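S.K.: The listed protein sequences correspond, in order, to chains A and B.
Heads up: the first sequence begins at 7 in the UniProt record's numbering, then just goes up one per residue.
Heads up: the second sequence begins at 52 in the UniProt record's numbering, then just goes up one per residue.
Shown below is the structure under consideration.
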Amino acid sequence: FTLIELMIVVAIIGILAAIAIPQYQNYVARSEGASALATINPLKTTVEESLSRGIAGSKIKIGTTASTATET
Amino acid sequence: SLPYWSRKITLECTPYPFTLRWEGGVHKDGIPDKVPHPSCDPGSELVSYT
């Protein structure tokens, strides 16, 4: 081993240790909103169906408790 | 004594009121508390009815 190789390696290390990094927060901030609406939009179909069929409001809830001929 | 004729007819019933009751609720998995007022707290709602 010599000093030339070691110095060249040290210089190349510092050279590589200079890559810039741009922002990456707005991407996730927008992806979260693009998914929230896509997930909570389809409920309007069920709401309109329940309001136009015959049953009144209030009884319309969320979860997984089966269904019947009165509550949705 | 002279002739005579008559007729009669009646209809009536006696009273006897009474009352009936019945309760119930939605069945859940892992809830042995079969009471209209579920004291547990799994993660749903029980409308119940009495």
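The beta-carbon is built from N, C-alpha and C at its ideal position, and this holds for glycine as well.
Would you mind giving the Cβ-Cβ distance between A/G69 and B/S95, rounded to the nearest angstrom? I have them listed as a contact below 8 Å.
M.R.: 6 Å
S.K.: DSSP has B/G75 in a bridge; who is on the other side?
M.R.: B/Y100
S.K.: Taking the alpha-carbon of B/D80 as reference, which of A/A75, A/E77 and A/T71 has the nearest alpha-carbon?
M.R.: A/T71
S.K.: Could you tell me which chain A residues have their CB closer than 7 Å to the CB of B/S90, listed as they occur along the chain?
M.R.: Within 7 Å Cβ-Cβ: nothing; B/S90 doesn't reach chain A, min ~19 Å.
S.K.: Keeping to the same chain, check which residues put their C-beta closer than 8 Å to that of A/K67; ignore five residues upstream and five downstream.
M.R.: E77 and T78
S.K.: Using a Cβ cut-off of 9 Å, pull out every chain A residue sitting near B/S95, in sequence order please.
M.R.: By Cβ distance, chain A contributes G69, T70 and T71.
S.K.: Taking 8 Å as the threshold (beta carbon to beta carbon), is B/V86 in contact with chain A?
M.R.: Taking 8 Å as the threshold, the shortest C-beta distance from B/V86 to chain A does not fall below it.
S.K.: Assuming B/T101 and B/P89 make a contact with CB atoms under 8 Å, what is their CB distance in whole Å?
M.R.: Contact flag wrong, Cβ pair sits at about 13 Å.
S.K.: Please report the residue range of the alpha helix (DSSP H) in which A/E55 lies.
M.R.: Here the alpha helix (DSSP H) through A/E55 covers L49 to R59.
S.K.: Report the rounded CA-to-CA distance for B/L71 versus B/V77, giving the unit in angstroms.
M.R.: For B/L71 and B/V77, the distance between alpha carbons rounds to 21 Å.
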